[PDB]
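Positions of Cβ are backbone-derived with ideal geometry, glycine not excepted, and every protein chain shown enters the neighbour counts. What follows is calculated from the coordinates using simple rules that are stated; it is not laboratory data.
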Amino acid sequence: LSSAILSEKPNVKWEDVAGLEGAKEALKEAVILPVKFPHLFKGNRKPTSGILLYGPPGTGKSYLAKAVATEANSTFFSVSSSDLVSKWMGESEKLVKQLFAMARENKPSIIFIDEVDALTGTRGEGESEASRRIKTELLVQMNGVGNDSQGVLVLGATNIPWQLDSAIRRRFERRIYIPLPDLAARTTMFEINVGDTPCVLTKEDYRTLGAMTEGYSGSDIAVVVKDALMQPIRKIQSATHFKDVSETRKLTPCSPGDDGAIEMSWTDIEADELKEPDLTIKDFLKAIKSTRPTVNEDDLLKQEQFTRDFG
Amino acid sequence: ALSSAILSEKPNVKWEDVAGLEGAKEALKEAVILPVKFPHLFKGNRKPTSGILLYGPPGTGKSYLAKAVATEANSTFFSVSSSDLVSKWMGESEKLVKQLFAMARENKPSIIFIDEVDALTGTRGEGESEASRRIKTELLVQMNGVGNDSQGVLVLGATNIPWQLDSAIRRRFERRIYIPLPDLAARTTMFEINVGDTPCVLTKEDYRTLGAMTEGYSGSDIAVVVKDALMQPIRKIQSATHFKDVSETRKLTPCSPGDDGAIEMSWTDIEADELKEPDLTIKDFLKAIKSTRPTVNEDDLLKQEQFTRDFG
Amino acid sequence: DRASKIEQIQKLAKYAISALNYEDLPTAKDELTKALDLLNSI
Amino acid sequence: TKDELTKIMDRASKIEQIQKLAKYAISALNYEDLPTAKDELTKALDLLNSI
Amino acid sequence: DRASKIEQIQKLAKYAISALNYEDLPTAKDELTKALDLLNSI
Amino acid sequence: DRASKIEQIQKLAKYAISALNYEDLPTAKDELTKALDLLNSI
Ligand SMILES: Nc1ncnc2c1ncn2[C@@H]1O[C@H](COP(=O)(O)OP(=O)(O)O)[C@@H](O)[C@H]1O
Ligand SMILES: Nc1ncnc2c1ncn2[C@@H]1O[C@H](COP(=O)(O)OP(=O)(O)O)[C@@H](O)[C@H]1O
Ligand code: BEF
Ligand code: BEF
Ligand SMILES: [Mg+2]
Ligand SMILES: [Mg+2]
């Protein structure tokens, strides 16, 4: 008895994911449609067993897995490469067998695996015993002699899909490329990541932002919005001078010599009773000048190679 | 008293469900049906086959053919991966092999299947030749035992990588068969099988048009374009605004905005059962053909023509 | 109105899309038109 | 038969493009961008007549 | 050859059969012919 | 007929194959012919 089980409860809505309506369609029909409508899937009509996601880093793959994990209403397992590779010789493989076994015990269920590139690559003889034994058990235990392939669902993620072996490529029978977001999706992620903070701009100003930010990732958006949320702390504690505005006392940074401009530091000011100036357009453009796009374009050419073939 | 976990229940797939495979079908009918139905023919010089290998590119129908043999066996069908053979300490890694062929001979007539024999074999250095050379050696003796126990058992081997299979086990599997990609007519047959009981819309030569459109797939590729084809009318049910009654009491299907009896609603609005899905049309089929380019690569087919051209 | 007129064009342009899913050019060429005229009515 | 089959493929492609342009037009009105809209909803219509 | 020519007729006559399973008379009337001519080439 | 004529060609073309398994060219050249003529009778 090993019992290396782990699962959890995150919180990510559908509509906080931008773009990706093919992936949204495939996962709604792969998750919501079996549970809500089990009678449609009978006999010849069977649900999808293996779904792969891939693309450049930070196009929203693992965050989409978070969204499926919240919107599952199913026993959502998730395993990295850590819990599969064991010490001695035998628990490296029997834990895979118990993983799909107990996964079928808690059916209907969804299994996610992140960065499956650490388990593939049978070509050559490098990474020999772990690759052959563990990867062999992933193949045969994924489907094989008497595996109930119905029920569970194997979600694969990677950043390198060309080093993924063709056999596991066939195992993940419905693969989806996740590109960089376009204008409108990044407008949506701007309007989501501003959140409850009182902004200053309009929708077409976010369109001006997404036009300015051609070719980012989701993390790039997260950090320019983060820097945009970190400019008013810099201004509220910068130099010398705050000022009362308006539930009992509330002071914000202002220039030297202004309407009610006392001279002080943030340290001088009482818990809560300090508020920073609302995010402004300049903070956005300053954050745009702060950070390059993360990804490189020849890697995008390889994503267009594998996507242009197998996508 | 260190027994294993075996197969007992057979997964029901019919013998006609596969396509192509005529050499493998011939070799397994003469290797399974012919000993049981005609035991008097195999006597003295005429002996049944002891070792049969299947191999080829991934998804040409190898393990599904093993499912078909498992349903059509009427015999104690064992099956073992590389998991149940490799044990923890030192000794149960090999005595379990001995008990496997032992209890396999106890439940004779019987069939033994081993998937992915390259995980069983494979030596590079000192670490690869430790605790796998022992189990490989026990397989070497227990399948040298053709002169010991000719009748009874049969060892069915499958793999996707036959060149990394060692030459000694290659000789153990004494009758090996390459399983190529299927042609036009076999994929027409797999289309007409995998449509099943679903009410289709096409004719036989339209399936010939499909197989002509789908030059060079695998069996899994066929399974997923048929799967997507079985997902397209439910996508029509989810899609747009507007259904319509047709025809056992009320039955509505998706139709374009503004049509003969076109009410405006969503699938959610519509009562249990009393939904009518769109019949599979060639447009859903061709859209599914444009959805997924072939999986296997042609240089891997060149290596299958290398090992097949030599050892096939 | 307007805030709605802008909302009804989309309502149209959707139906139009939904219509082409049955190759119904008739409906399409119409809704995609009732819509356009209305975007000029804006 | 070969030429008619390709014509079917080609018309299907045009229909997909018309629907794409309409979707893009809708997405545009979500920022009140009448300019883009009146254009895509047009490039689309002309093309449905090109069918 | 011959031992093979006799084997290729069958190969043909099979394809021909397989072809009629889609009512494809064209292919059939051809393979069933390329085959016959060859049985005379014997 | 026809649905059967198409079925009898195959019946022929099989016998023909079965015949070449004894090198019997005579039977073959005949059945592979009675068959062909009939595919033209279609
Ligand atoms: N389409 C998106 N919508 C919302 N947030 C996104 C999107 N793409 C990326 N992000 C955000 O950017 C980060 C990177 O996305 P994530 O899925 O974690 O990348 P990865 O799959 O490479 O781990 C996450 O914190 C996520 O919240
Ligand atoms: N000849 C065939 N007829 C019907 N289905 C087939 C055939 N060959 C393969 N398939 C289908 O394709 C999939 C792959 O078959 P299988 O032998 O398990 O291949 P693999 O083990 O290499 O994935 C299965 O889902 C099976 O149903
Ligand atoms: F971190 Be991601 F999955 F590239
Ligand atoms: F049996 Be298959 F090639 F996975
Ligand atoms: Mg990730
Ligand atoms: Mg297999």
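So here's what we get for this one:
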| quantity | calculated |
| --- | --- |
| Subset of region A:96-124 that is touching a helix residue (DSSP H, G or I) at 6+ places or on another chain (Cβ under 9 Å) and assigned to a loop (DSSP other than H, G, I, E, B) - its residue that is farthest from ligand 3 (Cβ to nearest atom) | A:108 |
| Failed condition for residue A:134, given (1) farther than 14 Å from residue A:52 by Cα; (2) assigned to a strand (DSSP E or B) | (2) |
| Residue within region A:273-292 that is within 21 Å of residue A:57 (Cβ to Cβ), outside any loop (DSSP other than H, G, I, E, B) and in contact with an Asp or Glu (Cβ under 8 Å, 6 or more places away or on another chain) present | yes |
| Residue within region E:17-27 that is assigned to a helix (DSSP H, G or I) and away from chain B (no Cβ under 14 Å) present | no |
| Failed item, numbered, when residue C:29 is tested on (1) more than 18 Å from residue B:258 (Cα to Cα); (2) surrounded by 14 or more Cβ atoms within 10 Å (Cβ to Cβ); (3) of a type outside the set (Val, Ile, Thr) | (1) |
| Where residue A:119 falls short, out of the listed (1) more than 11 Å from chain B (Cβ to nearest Cβ); (2) surrounded by fewer than 21 Cβ atoms within 10 Å (Cβ to Cβ) | (2) |
| Residue B:79 vs. criteria outside any helix (DSSP H, G or I) and in contact with an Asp or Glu (Cβ under 8 Å, 6 or more places away or on another chain) | yes |
| Unique match (being within 16 Å of ligand 2 (Cβ to nearest atom), more than 14 Å from every other protein chain (Cβ to nearest Cβ) and surrounded by fewer than 22 Cβ atoms within 10 Å (Cβ to Cβ)) among B:72, B:138 | B:72 |
| Identity of the residue in region A:57-85, of a type in the set (A, V, I, L, M) and within 16 Å of ligand 3 (Cβ to nearest atom), that ends up nearest to residue A:135 (Cα to Cα) | A:79 |
| Subset of region A:148-166 that is away from ligand 1 (no atom under 16 Å from the Cβ) and closer than 16 Å to residue A:109 by Cβ - its residue that is surrounded by the most Cβ atoms within 10 Å (Cβ to Cβ) | A:153 |
| Residue satisfying condition, being within 11 Å of chain B (Cβ to nearest Cβ) and either under 30 Å from residue D:31 (Cα atoms) or not in a loop (DSSP other than H, G, I, E, B) (or both), within set A:167, A:184 | A:167 |
| Residue in region A:81-103 that is over 30 Å from residue B:192 (Cα atoms) and within 16 Å of ligand 1 (Cβ to nearest atom) present | yes |
| Region B:96-116: number of residues that are within 30 Å of residue A:123 (Cβ to Cβ) and surrounded by fewer than 19 Cβ atoms within 10 Å (Cβ to Cβ) | 1 |
| Of residues in region A:75-99 being more than 14 Å from chain B (Cβ to nearest Cβ) and of a type in the set (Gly, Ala, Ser), the one nearest to ligand 4 (Cβ to nearest atom) | A:81 |
| Residue in region D:38-48 that is surrounded by fewer than 16 Cβ atoms within 10 Å (Cβ to Cβ), within 25 Å of residue C:2 (Cα to Cα) and within 14 Å of chain A (Cβ to nearest Cβ) present | no |
| The lone exception for residue B:20 - which of (1) within 15 Å of ligand 4 (Cβ to nearest atom); (2) at negative phi; (3) part of a loop (DSSP other than H, G, I, E, B) it fails | (2) |
| Odd one out for residue A:52, checked against (1) among the aliphatic types (A, V, I, L, M); (2) within 16 Å of ligand 5 (Cβ to nearest atom); (3) farther than 28 Å from residue B:190 by Cβ | (3) |
| Single residue of F:15, F:22 found to be under 11 Å from the mean Cα position of the chain (by Cα) and aromatic (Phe, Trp, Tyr) | F:15 |
| Failed item, numbered, when residue B:93 is tested on (1) crowded, with 19+ Cβ neighbours inside 10 Å; (2) of a type outside the set (D, E, K, R); (3) in a loop (DSSP other than H, G, I, E, B) | (3) |
| Hey, residue A:192 part of a helix (DSSP H, G or I), away from ligand 3 (no atom under 16 Å from the Cβ), β-branched (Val, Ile, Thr) and more than 22 Å from the chain's Cα centre (by Cα) or not | no |
| Given (1) loosely packed, with under 14 Cβ neighbours inside 10 Å; (2) in contact with a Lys or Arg (Cβ under 9 Å, 6 or more places away or on another chain), index of the condition residue A:15 fails | (2) |
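Let's see how each residue does on (1) surrounded by 17 or more Cβ atoms within 10 Å (Cβ to Cβ); (2) within 14 Å of chain C (Cβ to nearest Cβ); (3) within 21 Å of residue D:8 (Cβ to Cβ):
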position	(1), (2), (3)
B:207	yes, no, yes
B:221	yes, no, no
B:229	yes, no, yes
B:248	no, no, no
B:265	no, yes, no
B:291	no, no, yes
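To keep it simple, each residue is scored yes or no on (1) within 14 Å of chain A (Cβ to nearest Cβ); (2) among the charged types (D, E, K, R); (3) within 16 Å of ligand 1 (Cβ to nearest atom).
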| site | (1), (2), (3) |
| --- | --- |
| B:7 | yes, no, no |
| B:11 | yes, no, no |
| B:16 | no, yes, no |
| B:26 | no, yes, no |
| B:31 | no, no, no |
| B:40 | no, no, no |
| B:45 | no, no, no |
| B:49 | no, no, no |
